[PDB]
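Chains as they are written, first to last, in the deposited numbering: chain A, 15 to 26, 35 to 253, 262 to 320; chain G, 15 to 253, 262 to 320; chain M, 15 to 253, 262 to 320; chain K, 15 to 26, 35 to 253, 262 to 320.
Note that the Cβ used here is the ideal one computed from N, Cα and C, for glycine as well.
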Amino acid sequence: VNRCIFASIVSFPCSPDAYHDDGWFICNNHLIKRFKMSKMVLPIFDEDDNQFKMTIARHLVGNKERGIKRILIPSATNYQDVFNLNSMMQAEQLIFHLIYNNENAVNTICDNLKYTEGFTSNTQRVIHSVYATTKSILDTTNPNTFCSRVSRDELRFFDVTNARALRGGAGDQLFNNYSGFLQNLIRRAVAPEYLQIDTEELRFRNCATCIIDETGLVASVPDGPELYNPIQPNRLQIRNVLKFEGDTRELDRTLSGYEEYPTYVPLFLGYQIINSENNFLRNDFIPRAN
Amino acid sequence: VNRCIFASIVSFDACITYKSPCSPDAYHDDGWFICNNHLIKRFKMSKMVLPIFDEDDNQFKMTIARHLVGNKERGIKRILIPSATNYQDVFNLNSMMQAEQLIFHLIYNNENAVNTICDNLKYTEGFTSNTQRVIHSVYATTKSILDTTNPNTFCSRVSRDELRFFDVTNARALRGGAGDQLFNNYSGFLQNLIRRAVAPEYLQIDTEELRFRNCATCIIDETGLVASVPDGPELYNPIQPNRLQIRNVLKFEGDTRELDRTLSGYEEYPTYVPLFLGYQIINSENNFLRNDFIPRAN
Amino acid sequence: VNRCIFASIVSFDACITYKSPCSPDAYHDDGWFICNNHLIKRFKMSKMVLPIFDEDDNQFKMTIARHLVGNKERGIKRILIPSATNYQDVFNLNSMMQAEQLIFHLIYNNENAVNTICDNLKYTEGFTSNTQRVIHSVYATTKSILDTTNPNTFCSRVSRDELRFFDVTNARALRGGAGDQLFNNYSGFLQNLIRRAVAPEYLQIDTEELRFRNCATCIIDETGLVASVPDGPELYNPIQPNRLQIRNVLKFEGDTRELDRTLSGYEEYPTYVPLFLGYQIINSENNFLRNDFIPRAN
Amino acid sequence: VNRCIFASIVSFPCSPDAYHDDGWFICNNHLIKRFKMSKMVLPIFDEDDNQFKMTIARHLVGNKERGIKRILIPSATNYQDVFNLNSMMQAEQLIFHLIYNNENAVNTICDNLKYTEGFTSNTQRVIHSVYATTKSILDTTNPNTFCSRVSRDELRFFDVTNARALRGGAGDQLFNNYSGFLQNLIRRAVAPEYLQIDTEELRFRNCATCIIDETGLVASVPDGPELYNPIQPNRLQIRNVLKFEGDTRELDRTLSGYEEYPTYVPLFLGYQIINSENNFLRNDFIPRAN
Ligand SMILES: [Zn+2]
Ligand SMILES: [Zn+2]
Ligand SMILES: [Zn+2]
Ligand SMILES: [Zn+2]
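Structure (structure tokens):
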């Protein structure tokens with residue numbers, strides 16, 4: 015079973039990791055294509071060799087990109103401007119409008135395709151199949167379902183100012199406006215800076231690599247210049271690549287043996303407070319709301 | 015496929031291995047979305063087709079329901095499909111299975127009672143492991159049936175070919191009455207159940223006005239779909263192991279053997295009491311004969 | 015027979031069959047009324063036997079428990095058998111099974127909580143059949159164990175031959191103390207669990223004092239049976263799937279092979295920390311030699 | 015299994039119907055011996071052949087009996103005077119003091135037996151077996167048990183003045199002071215004067231034969247003279271016995287064929303409302319509180 019929200023794209035490409043029950047409910051191909059992230063894992067090791075894996079995503083925005091180009095997951099207000107939904111297929115636009123709980127756009131999409139000659143046969147069935155798959159995925163990721171296995175186990179705050187007091191900041195209250203699928207995506211992509219398992223607090227990164235804003239999940243550092251992240263057949267595009275001119279074969283041969291530390295920029299932000307009584311090690315992917 | 019709205023009824027928590035007791039007609043895609051057994055048990059009706067012949071031999075058949083309420087029944091016992099306000103009083107949902115209660119609360123779009131049903135089973139230990147799967151399967155099946163029936167879904171394949179008004183005093187002017195506006199308060203599934211159960215007195219096809227019955231055998235009121243005639247006494251309609267209920271039947275004592283043999287060779291006219299009410303105007307551009315069950319709205 | 019108070023554990027929902035994780039030693043009629051594994055899980059201890067030899071070889075063996083709490087644990091984690099006031103906070107009864115909640119609410123005589131436990135399950139459909147019997151069986155077994163332990167039973171074998179005090183300030187005068195008055199507040203099962211798990215500092219068979227240990231390893235306080243020493247730092251005591267909990271494991275990095283091989287055939291003094299507290303006066307007309315369990319009230 | 019309250023009688035006599043699961047929880051032999059009643063079945067016959075059987079008792083007090091001799095099930099206040107518990111076995115006294123919730127008498131019974139030499143050896147095990155059996159039976163018949171299966175489908179009132187409504191009289195109020203076992207005994211013995219299944223009131227008897235007043239359930243007619251009911263070793267009992275001086279042989283010869291209407295005096299009193307939703311045909315023997 016392809017557990018990808020974008021696996022239902024069909025005229026009116036999923037990586038093999040979509041079939042895995044990772045909990046993202048989106049394939050790495052579609053994550054790269056749409057949300058400018060590639061799924062990774064964060065192996066949290068003991069001082070012994072026992073480990074458990076957490077899912078993180080490395081954003082793929084550049085150093086020079088500014089403005090809406092830095093938004094990873096836009097808010098419901100500005101997701102129209104960020105994504106340019108007109109270019110993508112109408113099924114993709116329906117999926118995106120369902121993801122952001124925009125009912126007016128969904129109704130307009132349904133109304134526009136009602137006037138076509140083929141709507142009655144072999145089209146309405148397809149649109150309803152896409153709608154049903156997207157709605158099932160949303161309900162799986164939505165904690166407000168009829169009988170939802172919501173978890174108060176882990177308290178994931180996206181502001182660390184008052185997080186230790188179990189409170190939240192402005193970014194946390196802006197995070198609640200997101201839908202179930204978007205909240206799950208931000209939880210599975212934006213790793214916590216601190217992981218307060220019971221009393222023990224584990225600081226994974228010194229500073230946050232992303233900030234939740236009114237524009238959405240912004241891949242912008244809180245201060246200073248942005249980090250260096252080096253990354262439609264008929265479309266013409268300009269990349270302005272920062273080419274490195276020089277002979278590096280000798281240097282690469284010299285330093286071959288040593289382990290390579292990745293230059294990726296992962297998403298670390300917020301505070302995670304895992305309660306003493308937890309069921310963290312389950313792979314059923316229950317909604318796990320705050 | 016078992017397209018029975020009550021086929022999802024299973025024991026929510028107990029592992030009693032309960033099975034849905036509905037006939038093979040559940041598998042048939044007649045547009046009823048309910049069995050004759052389930053209709054008999056709950057809505058006090060039995061599904062029936064109505065052969066509407068031409069003046070030639072060729073025929074097209076319409077669905078109808080034979081209401082089962084007796085002559086002596088009165089008060090809340092006369093209602094077949096209760097309204098959303100008093101469906102709890104009529105049905106006595108407490109005595110039924112929790113799956114049945116959830117299905118009925120979904121049928122009447124009672125979100126508070128559905129949430130209460132979910133909450134009451136949150137405390138049991140089986141909810142985390144097994145009960146949640148069963149409850150969510152029941153919810154998914156019931157919601158799929160409702161959405162297939164509901165004309166206000168995301169992309170609803172609705173048809174305005176026929177204009178079924180349940181008040182005939184002004185339906186000739188293409189305007190319904192108070193009963194029709196009361197009929198709109200019902201959910202989609204109840205609307206389809208009433209349309210498949212209650213047949214019109216007049217089946218107006220283009221200019222033709224085919225009056226099926228003299229007067230109505232059922233009336234839609236704020237109380238619900240009442241199986242009571244508009245005037246006079248009610249029509250004579252002949253009719262849980264641990265329960266002790268009293269029927270007070272009306273039994274003859276005659277021989278009824280030689281008389282039965284005397285006229286047995288002649289075709290018997292059925293004595294059932296089907297539901298007849300409404301004015302189903304049919305447009306000249308109709309698509310009535312198609313059997314894909316397109317949900318219908320007025 | 016499996017005379018373990020948690021041997022009656024079972025899933026109330028018949029869909030899941032939960033076997034009791036009960037040690038083989040539970041079937042013994044020692045007088046613990048709790049298995050080794052269950053006392054390891056809750057009331058953190060390991061059931062031990064304390065052989066009190068005579069001056070010659072012949073001996074009588076007593077029962078004592080070793081608290082499994084660590085050196086670093088402080089506050090609530092120190093409590094092994096909590097008081098009836100804060101047993102809900104200490105045990106986190108929400109995460110435990112409903113049978114465990116029932117047993118623990120009966121152990122502390124919290125009638126309101128037990129009534130709540132059956133009130134929550136009274137709503138589900140499965141309560142009437144295959145679950146009422148299960149809950150009643152669990153209640154009957156727990157009540158039988160408690161009544162066997164309860165000295166206030168109808169005709170109980172209450173024995174005053176051995177007096178067990180938990181305050182040693184004035185225990186020689188057969189007088190109790192603050193801890194003993196708190197000990198009387200516990201139910202019968204908790205009193206027997208503490209008596210079988212805690213041994214006196216000063217055994218006083220007849221007029222012969224027998225000081226078991228110099229200083230107490232446990233204290234009975236308002237919080238409950240605390241595994242905290244009277245003064246100074248706590249004693250060094252080395253020590262649920264799908265649950266992620268930190269451990270703070272202390273590890274030894276030495277080779278230890280040569281040192282271990284050096285002392286080959288020398289009897290190993292245990293590092294376990296048993297519960298020693300109180301002053302168990304024994305009367306000249308005692309019947310301690312018996313093997314039939316008795317409540318043993320003051 | 016011998017589901018009889020007095021089956022556990024043993025020094026410190036049950037009919038075969040005790041083994042039957044009837045809900046009486048007392049055999050006919052012990053009913054006659056103690057409560058001056060005998061078990062009977064009242065077959066409630068439908069107009070067509072479909073019958074359900076209802077339990078009933080026939081009191082065995084005579085025409086001339088008066089005072090405490092007319093009391094079938096005495097109240098908790100005066101059951102000592104009626105039963106003369108001193109003559110009975112100590113096990114019988116313990117059973118009766120448990121049945122009437124007299125904890126002080128039970129404790130005194132335990133205290134009297136404590137001083138005996140053999141109390142600890144074997145006698146206490148016997149007394150605890152008796153106590154356990156009696157208490158299990160009481161809890162089975164007690165609607166106020168821990169979380170037993172109490173049913174309110176049947177509303178049985180012993181005062182028909184206002185029993186047509188949900189209210190009750192003083193006789194029903196005095197009936198609540200009874201213990202669980204005595205309540206079940208009266209429910210299974212005192213058949214209703216009226217049975218109302220789904221607003222269909224069936225009058226089994228014109229006028230009552232017993233009254234639940236103070237001093238317990240009394241086998242006395244509400245008005246007029248008493249009805250005519252004809253009914262330990264080495265004990266001299268002088269009882270007045272009626273006698274018919276006639277031959278009474280040819281008269282019995284002539285009237286042989288016809289069915290006999292028994293001269294039994296059954297117990298009919300009160301109004302039993304039965305709800306439309308009920309499980310009256312079950313055999314699980316729920317306590318059936320009002
Ligand atoms: Zn995909
Ligand atoms: Zn069915
Ligand atoms: Zn055990
Ligand atoms: Zn008997």
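- About 13 angstroms separates the beta carbons of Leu297 (chain K) and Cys229 (chain K), which is beyond the 8 angstroms limit, so they are not a contact pair.
- By the Cβ criterion, the segment 46-54 of chain G is not in contact with the segment 157-173 of chain M, since fewer than three pairs of Cβ atoms, one from each stretch, lie closer than 8 angstroms.
- Runs of the alpha helix (DSSP H) lying entirely within the segment 84-123 of chain A and spanning at least 4 residues, in chain order: 101-105, 112-121.
- Remark: the shortest separation between the CB of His42 (chain G) and any heavy atom of ligand 1 does not fall under 8 angstroms.
- Along the segment 295-313 of chain K, the positions whose C-beta sits under 9 angstroms from a C-beta of chain G are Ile304, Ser306, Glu307, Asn308, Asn309, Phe310, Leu311, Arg312, read in chain order.
- Straight through space, the alpha carbons of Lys136 (chain M) and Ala113 (chain G) are spaced by roughly 17 angstroms.
- Chain G places no beta carbon closer than 9 angstroms to that of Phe315 (chain K), leaving this residue out of the contacts.
- Less than 9 angstroms separates the beta-carbon of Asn198 (chain M) from that of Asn320 (chain M).
- Apart from the 5 residues on each side of it in sequence, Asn123 (chain M) sits with its Cβ closer than 6 angstroms to the Cβ of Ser201 in its chain, given in chain order.
- DSSP, reduced to helix, strand and coil, places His42 (chain A) outside both helices and strands of the structure shown, so it counts as coil.
- Remark: the shortest separation between the CB of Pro247 (chain G) and any heavy atom of ligand 4 does not fall under 8 angstroms.
- Of all residues in the segment 122-154 of chain G, only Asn134, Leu135, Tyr137, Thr138, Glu139, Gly140, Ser143, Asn144 come within less than 7 angstroms of chain M when Cβ atoms are compared, listed by chain position.
- Only those residues of the segment 211-240 of chain A whose C-beta falls short of 8 angstroms from the nearest C-beta of chain M are listed: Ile219, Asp220, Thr221, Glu222.
- In terms of beta-carbon proximity, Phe168 (chain A) lines the interface with chain G, with at least one pair separated by less than 9 angstroms.
- Per DSSP, the continuous beta strand (DSSP E) segment holding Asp235 (chain A) begins and ends at 233-235.
- The segment 233-241 of chain K makes contact with the segment 178-196 of chain K: 3 or more CB pairs, one atom from each, lie closer than 8 angstroms.
- Interface annotation, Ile23 (chain G): not in contact with chain M, CB-CB separation never under 9 angstroms.
- DSSP places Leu160 (chain A) inside the alpha helix (DSSP H), whose first and last residues are 146-163.
- A contact between stretches requires three or more CB pairs, one per stretch, nearer than 8 angstroms, and the segment 78-96 of chain A meets this requirement with the segment 54-69 of chain A.
- A residue is called buried when at least 16 other Cβ atoms come within 10 angstroms of its Cβ; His119 (chain M) meets this threshold and is buried.
- Nearest CB-CB separation between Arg174 (chain M) and chain K: not below the 9 angstroms threshold.
- In the structure shown, the three-state DSSP call for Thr77 (chain M) is strand.
- Across the structure, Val152 (chain A) and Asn264 (chain G) are spaced so that their CA atoms are roughly 48 angstroms apart.
- Membership of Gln218 (chain K) in the beta strand (DSSP E) is indicated by the continuous run 216-219.
- For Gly300 (chain G), no beta strand (DSSP E) run applies, since DSSP gives it neither H nor E.
- In chain order, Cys36, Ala40, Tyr41 place their CB closer than 7 angstroms to the CB of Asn16 (chain A), counting only its own chain and leaving out the 5 sequence neighbours on each side.
- Where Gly193 (chain K) is concerned, there is no enclosing beta strand (DSSP E), although the alpha helix (DSSP H) around it starts and stops at 192-198.
- In this structure, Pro317 (chain G) has its beta carbon at no less than 8 angstroms from each heavy atom of ligand 3.
- The nearest non-hydrogen atom of ligand 3 is less than 8 angstroms from the C-beta of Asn51 (chain M).
- Counting every other CB atom within 10 Å of its CB across the protein chains shown gives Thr145 (chain G) a total of 16 or more, marking it as buried.
- Per DSSP, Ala21 (chain A) has no beta-bridge partner at all.
- With at least 16 other beta carbons inside 10 angstroms of its own, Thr156 (chain M) counts as buried.
- Among the residues facing chain A, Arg171 (chain G) is included, as its CB has a counterpart in that chain under 9 angstroms away.
- Proximity of the segment 174-181 of chain A to the segment 300-310 of chain A meets the contact definition, three or more beta-carbon pairs being nearer than 8 angstroms.
- Put simply, the backbone Cα of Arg269 (chain M) is about 18 angstroms away from that of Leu94 (chain M).
- Within chain G, the residues placing a beta-carbon under 9 angstroms from that of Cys29 (chain M) are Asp27, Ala28, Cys29, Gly140, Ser143, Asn144, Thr145, ordered along the chain.
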